[PDB]
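To keep things clear, I will list the structure first and then write my remarks on it.
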């Protein structure tokens, strides 16, 4: 839910995450697939130095 | 006018509260949920005027100092106000030694670590919700 | 805001912490996890200015050396000051023999291999995350 993320997370990062989710959705990614993709991406960013 | 737009979070007073939480985990502070939550709500009152918010901070600074002094096991401010003449008349070296003995450097290090942790988390997750949730859970436990 | 641009990471001190971990595993080091967490937080806190960050690192380099000396079992600098006369009394060849006996070339080789491994793995694994995790784990074990 958007409310849960909005209250749980600061508005900038929540907007970034929801934007990535919408980008996935517009390319045919399912809600489960896009949620899993966001989870894997945040794990990779925190572990792998993608910068 | 609007009131919900001013709920920006406890901000620095949140870390100030985290200090008391740390003292509670170590048992060095006897927590009082009533006064703590009352001050938290006072800080959480949405003031449309920015001058009102700044005045609230200015008034709360000595109020916060007195609250922190009272919540501890130290004697009340009346005793120190009465004994200030003797405290000033005491030798400086003995006062410094007493301060150092009272100063727990482990607490200082823990405070710095938690300060850095909260500063980092203040960019990813809302600490206000977690702090108010912990306060509510502590109040419920005290009620139980 | 875009405060992530100020969280620069441990950078060089990652290798520092890895070396201290290595010396702690082999039992050559007297370890104080709380001070290590304090140092990690001090080097990890963000400062907006590049000059301030560089000054922090330059000031902390002697602090890092002092922490390394404390973690090692070597005698304090006061002992060196007291015994400088005896140290100067010994011949140069005797001092060379003593330092060669003290030098453990296996640990120097391990340090070199660790440096190469860190310079290669810093491109594929966030060593700051893992070093902070292990430091918190050591603090947790030494506390509870």
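FYI, it's all coordinate maths here, none of it is from the lab. We place every Cβ from the backbone using ideal geometry, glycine too, and count neighbours over all the protein chains shown.
P(r) tail, region C:6-57: Cα-Cα pairs separated by more than 17 Å, 42% of all pairs. Inter-chain neighbour count for B:116-126: the average number of beta-carbon atoms from partner chains within 10 Å of each residue's beta-carbon is 5. Using only alpha carbons, region B:27-82 has a radius of gyration to Kirkwood radius ratio (Rg to Rh) of 1.06. What Kirkwood hydrodynamic radius, in Å, does chain A give when the mean of 1/r is taken over all pairs of distinct Cα atoms and then inverted? Final number for the Kirkwood radius of chain A is 11.6 Å. Under the classification rounded if a/c is under 1.5, otherwise prolate if a/b is larger than b/c and oblate if not, where does region B:97-144 fall, given a ≥ b ≥ c as square roots of the Cα gyration tensor eigenvalues? Here region B:97-144 falls in the oblate category. The mean number of Cβ atoms from other chains found within 10 Å of a Cβ in peptide C:37-44 is 4, as a whole number. Between region B:1-26 and region C:1-53, the alpha-carbon centres lie 28 Å apart. Listed from fewest to most Cβ neighbours within 10 Å, the set B:55, B:44 follows the order B:55, B:44. Between residue B:74 and residue C:129, the distance separating the two model label sites (each 7 Å from Cα on the Cα→Cβ line) works out to 4.2 nm. With a 10 Å cut-off around each Cβ of C:5-14, the average count of Cβ atoms from other chains is 1. From the Cα gyration tensor of the protein assembly as shown, with a ≥ b ≥ c the square roots of its eigenvalues, which class applies: rounded if a/c is under 1.5, or else prolate if a/b is larger than b/c, or else oblate? Oblate shape, in that a/c is at least 1.5 and b/c is the bigger or equal ratio.
The equivalent ellipsoid of chain C has semi-axes of 32, 19, 17 Å, largest first, where each one is the square root of 5 times an eigenvalue of the Cα gyration tensor.
Under the classification rounded if a/c is under 1.5, otherwise prolate if a/b is larger than b/c and oblate if not, where does region B:56-123 fall, given a ≥ b ≥ c as square roots of the Cα gyration tensor eigenvalues?
Judged from the Cα gyration tensor, region B:56-123 comes out oblate (a/c at least 1.5, b/c at or above a/b).
Centre-to-centre, using Cα atoms only, region B:78-128 and region A:12-51 are separated by 43 Å. Relative contact order of chain B: 36 percent, from C-alpha pairs under 8 Å at least 6 residues apart in sequence.
Relative protection proxy for B:108-117, A:5-14, A:35-44, from highest mean packing down: B:108-117, A:5-14, A:35-44 (other beta-carbon atoms within 10 angstrom).
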